Amino acid sequence: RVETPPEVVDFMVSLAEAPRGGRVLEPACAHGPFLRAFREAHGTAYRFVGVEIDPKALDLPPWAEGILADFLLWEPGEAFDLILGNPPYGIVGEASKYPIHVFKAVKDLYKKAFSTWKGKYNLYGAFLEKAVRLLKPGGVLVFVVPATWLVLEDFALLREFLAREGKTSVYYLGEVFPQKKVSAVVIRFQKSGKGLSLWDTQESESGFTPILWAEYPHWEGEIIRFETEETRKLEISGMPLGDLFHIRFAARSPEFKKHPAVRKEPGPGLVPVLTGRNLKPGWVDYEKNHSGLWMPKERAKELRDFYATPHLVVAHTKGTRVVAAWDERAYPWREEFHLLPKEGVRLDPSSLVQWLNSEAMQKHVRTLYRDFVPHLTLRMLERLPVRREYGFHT
DNA sequence: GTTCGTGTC
DNA sequence: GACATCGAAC
Ligand SMILES: NCCSC[C@H]1O[C@@H](n2cnc3c(N)ncnc32)[C@H](O)[C@@H]1O
């Protein structure tokens, strides 16, 4: 995934279209395997262009035009009919935590250039917006990117943008990059029309085959899910979990790190600051320490008020599943979701926990969100259906 | 307040 | 595969 597998390249080329003599671009091209593959497949009567930032990487055939620039700050003379490629992925931030390292002034420039830039954001998001803006009307884009933009908040504006700028086809590939931890999708964007079509794929020796899954003709940027009749059925059967509960996150690690009550060793009256490694399906391991942090249990409420109260805990970083337990002791947590019943909500804690851990709930989330992200996110959690057995809003 | 991507066994 | 980041980001 500084290299794309040949069958991914070929799959993408099979989705790509350009008029005769039309302008074809590969951003972050290096040696330009997408331009090479498109030319092998469709011939030579096109204008082939490759943008690369690193002169050690730029190595195009003499029939293509190579440009040494930052694709994201680059201002071409003319727009393009087709843009295809594999964007660089990663968060721009401090080298101690994040992979992309640019001067603050450059990231300032990126944030000014991109209307979709939200939160920490990502290089692959910036690349997608850049490319759509360099398309002529009716132009086509074919990119391979992580799947995380289908569901995540950072990419809400990117999704709204794509829905507003034309028509979108999404093909799920999954973990198709050897030795890279990512679930991938192929986007086919065309700068005209509207709506969204979602596709699954089939992988053979002959390569990838698209399987039409679902169509959203009036898509506006809504989260993208693999919906079935079964998932729809379960979703109407109860109240959304978010209507019953206030959903809060744990206090972060540095909040605890600097609190005068928190120690780095166990001792009299001291209790471990819990993490996801303490949370199990239906129970909490209060004994083990995984954070390296101890504090008096009674002092936990100074970090979050709700730490003083027995409440429901749901997992965030165990993949796309629902792992829940009742925290009857009310301990300090460094991780996970913390759910507080809304005014007039009658709950049955053990019966609700039991339902959230159930195999029915596991399939449900795995069907909708697959392996897009290594998390149960707030957006997935709040839409979980809860029938009257487990919680009732009077 | 809380988000996001591998990191390490 | 297991089993989850954890803190700089806003
Ligand atoms: N398309 C192949 C994978 S992405 C890796 C390539 O993207 C290039 N790259 C990363 N950021 C870039 C940018 N902002 N503009 C142009 N090329 C970039 C790298 O130099 C590298 O050759």
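Only this structure's heavy atoms are used, side chains among them; waters, hydrogens and symmetry mates stay out. Chain letters run A, B, ... following the sequence lines, proteins first, then strands; residues in each count from 1.
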>> Can you tell me if C/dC6 puckers north or south, using the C1'-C2'-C3'-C4' torsion sign?
In response: south
May I have the list of side-chain donor-acceptor pairs in residues 128-153 of chain A shorter than 3.5 Å, sequence neighbours left out?
unit_1	atom_1	unit_2	atom_2	d
A/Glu129	OE1	A/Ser115	N	3.3
A/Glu129	OE1	A/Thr116	N	2.9
A/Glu129	OE1	A/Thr116	OG1	2.7
A/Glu129	OE2	A/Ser115	N	3.0
A/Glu129	OE2	A/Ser115	OG	3.3
A/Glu129	OE2	A/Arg133	NE	2.8
A/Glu129	OE2	A/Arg133	NH2	3.2
A/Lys130	NZ	A/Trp74	O	3.0
A/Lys130	NZ	A/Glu75	OE2	3.2
A/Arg133	NH2	A/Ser115	OG	3.1
A/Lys136	NZ	A/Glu78	OE2	3.4
A/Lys136	NZ	A/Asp81	OD2	2.8
A/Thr148	OG1	A/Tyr124	OH	2.7
A/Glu153	OE1	A/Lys118	NZ	3.2
A/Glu153	OE2	A/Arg379	NE	2.6
A/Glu153	OE2	A/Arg379	NH2	3.1

>> Would you measure the distance from the P atom in C/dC3 across to the matching atom in B/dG5 and give it in whole Å?
In response: 23 Å
>> Holding to ring pair (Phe, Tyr, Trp, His ring centres under 6.0 Å), I want the full list of residues that pass it with A/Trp355, two or more places apart in sequence or in another chain.
In response: A/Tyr390
> How would you give the extent of chain A contacts on DNA chain C, as first and last nucleotide 5' to 3' within a 4.0 Å heavy-atom cut-off?
Replying inline: C/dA2 to C/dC10
>> Suppose we call two aromatic rings close when their centres sit under 6.0 Å apart. Are A/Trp199 and A/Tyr172 close by that rule?
In response: no
> Quick one: what's the B/S/- string for nucleotides 4-9 of chain B, heavy-atom cutoff under 4.0 Å, read 5' to 3'?
Replying inline: BBBBB-
>> Between A/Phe114 and A/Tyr121, is the ring centroid distance below 6.0 Å?
In response: no
> Can you list the other members of the hydrophobic cluster that holds A/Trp333, where links are side-chain heavy atoms under 4.5 angstrom apart?
Replying inline: A/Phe256, A/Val262, A/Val271, A/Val273, A/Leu274, A/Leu279, A/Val284, A/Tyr286, A/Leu293, A/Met295, A/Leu303, A/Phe306, A/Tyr307, A/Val313, A/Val323, A/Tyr331, A/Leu340
>> Quick check: is A/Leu234 connected to A/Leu352 through a chain of hydrophobic side chains (ILVMFWY, heavy atoms under 4.5 Å apart)?
In response: yes
>> Here's one to test your reading of the geometry: is the NZ or CZ of A/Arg1 within 45 degrees of the ring axis of A/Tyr89 and under 6.0 Å from its centre?
In response: yes
> When we call it a touch if two heavy atoms are under 4.0 Å apart, what does A/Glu255 touch: a base, just sugar-phosphate, or nothing?
Replying inline: base
> Just how far, in rounded Å, is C1' of B/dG1 from CZ of A/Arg304?
Replying inline: 6 Å
>> Which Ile, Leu, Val, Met, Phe, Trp or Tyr residues join A/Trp294 in one cluster when any pair of side-chain heavy atoms under 4.5 Å counts as a link?
In response: A/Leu270
> Base, sugar-phosphate, or nothing for A/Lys118, non-hydrogen atoms under 4.0 angstrom?
Replying inline: nothing
